[PDB]
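Structure, as structure tokens:
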Amino acid sequence: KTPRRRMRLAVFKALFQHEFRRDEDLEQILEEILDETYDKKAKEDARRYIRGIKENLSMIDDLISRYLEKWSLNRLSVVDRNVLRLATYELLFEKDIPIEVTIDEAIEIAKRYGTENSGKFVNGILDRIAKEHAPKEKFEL
């Protein structure tokens with residue numbers, strides 16, 4: 001019922017809003033965005049995403065940094081950095097989602113909230129990260 005797309009957008013919001021509330025807890029902000037309009041399934045998925053991102057934040061950031069050919073991670077816009085994080089987390093840890101879906105949905109968040117070049121920017125980076133880091137079983141999907 002609650003679209004997976006909206007669930008993922010809730011995760012992105014938490015990430016975005018946490019950059020301005022760092023001494024608060026990611027999980028806390030998530031619980032603010034999550035209200036009675038989000039399915040049980042959506043609340044559980046979003047919570048998994050946030051816990052997984054927090055637990056793997058260093059590894060995820062270091063992975064993205066490896067594929068940045070221009071500005072460093074800290075120098076990207078808040079939207080671009082967090083889109084890359086979310087999409088990288090989903091590529092690495094969410095088994096049921098095809099690569100193309102993760103990247104396409106990431107591009108749409110980028111296009112909607114970022115700069116004019118955000119969509120192409122994240123597309124390029126995620127294409128490379130997926131090719132070399134998506135778990136092998138995903139290449140069946």
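Labeling convention for the structure tokens: chains A, B, ... as they appear, residues from 1 per chain, ligands from 1 in order of appearance.
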
Sort by chain and increasing residue number a table of all residues of region 22-121 of chain A within 9 Å of region 2-10 of chain A, each with its closest pair of atoms and their distance in Å to one decimal, counting only C-alpha atoms, and write it as a tab-separated table.
residue	atom	partner	partner_atom	distance
A:30	CA	A:10	CA	7.3
A:33	CA	A:10	CA	6.6
A:34	CA	A:10	CA	7.2
A:37	CA	A:2	CA	8.1
A:38	CA	A:2	CA	6.1
A:39	CA	A:2	CA	5.6
A:40	CA	A:2	CA	8.9
A:41	CA	A:2	CA	8.0
A:42	CA	A:7	CA	5.4
A:43	CA	A:7	CA	7.5
A:45	CA	A:7	CA	7.3
A:46	CA	A:7	CA	6.0
A:49	CA	A:8	CA	8.3
A:86	CA	A:8	CA	8.4
A:105	CA	A:5	CA	7.5
A:109	CA	A:9	CA	7.7

What does the file look like for those residues with C-alpha atoms, as an mmCIF file, in the first residue's frame?
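Output file result_22.cif is given in full below:
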data_model
loop_
_atom_site.group_PDB
_atom_site.id
_atom_site.type_symbol
_atom_site.label_atom_id
_atom_site.label_comp_id
_atom_site.auth_asym_id
_atom_site.auth_seq_id
_atom_site.Cartn_x
_atom_site.Cartn_y
_atom_site.Cartn_z
ATOM 1 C CA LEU A 30 13.201 9.363 11.254
ATOM 2 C CA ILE A 33 8.917 12.053 9.657
ATOM 3 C CA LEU A 34 7.233 8.694 10.146
ATOM 4 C CA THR A 37 0.219 7.829 6.961
ATOM 5 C CA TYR A 38 3.027 5.260 6.630
ATOM 6 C CA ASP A 39 2.149 1.542 6.611
ATOM 7 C CA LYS A 40 3.566 -0.857 9.158
ATOM 8 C CA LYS A 41 5.745 -2.303 6.393
ATOM 9 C CA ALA A 42 6.989 1.167 5.411
ATOM 10 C CA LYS A 43 7.878 2.034 9.041
ATOM 11 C CA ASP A 45 11.685 -0.804 6.125
ATOM 12 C CA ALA A 46 12.586 2.827 6.800
ATOM 13 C CA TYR A 49 17.456 1.536 6.199
ATOM 14 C CA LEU A 86 21.091 6.011 0.550
ATOM 15 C CA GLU A 105 14.978 6.099 -7.943
ATOM 16 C CA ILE A 109 15.341 12.147 -5.784
#

* When DSSP works through the backbone of this structure, what residues of chain A end up as helix (DSSP H, G or I), shown as a ChimeraX atom specification? -> /A:4-18,26-33,40-55,57-67,73-75,78-93,99-113,118-133,136-140

* To do: Name the residues in contact with residue 100 (chain A) at a cut-off of 12 Å, using only C-alpha atoms, excluding same-chain residues fewer than 3 positions from it; report them as a count of residues only.
  => 20

* **Residues near residue 55 (chain A), cut-off 12 Å, only C-alpha atoms, skip fewer than 5 positions along chain, as number ranges by chain** => A: 26-27, 48-50, 60-61, 89, 93

Quick one: everything within 8 Å of region 15-21 of chain A, counting only C-alpha atoms, minus sequence neighbours fewer than 6 positions away in the same chain. Send it as an mmCIF file with C-alpha atoms, in the first residue's frame.
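Result file follows (out-v1.cif):
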data_model
loop_
_atom_site.group_PDB
_atom_site.id
_atom_site.type_symbol
_atom_site.label_atom_id
_atom_site.label_comp_id
_atom_site.auth_asym_id
_atom_site.auth_seq_id
_atom_site.Cartn_x
_atom_site.Cartn_y
_atom_site.Cartn_z
ATOM 1 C CA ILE A 29 14.435 12.375 13.225
ATOM 2 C CA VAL A 78 23.630 17.923 1.075
ATOM 3 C CA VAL A 79 21.201 16.327 -1.391
ATOM 4 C CA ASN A 82 22.843 11.793 0.962
#

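Proximity ranking of A:35, A:77, A:88, A:113 relative to residue 58 (chain A) places A:88 first, based on only C-alpha atoms.
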
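Nearest residue to residue 76 (chain A) among A:11, A:129, A:63, A:122 is A:122, counting only C-alpha atoms.
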
* Interatomic distance, CA of residue 99 (chain A) to CA of residue 135 (chain A) (Å, one decimal) -> 10.0 Å

* Looking at only C-alpha atoms, which of A:98, A:114, A:119, A:124 is the one that sits closest to residue 68 (chain A)? -> A:124
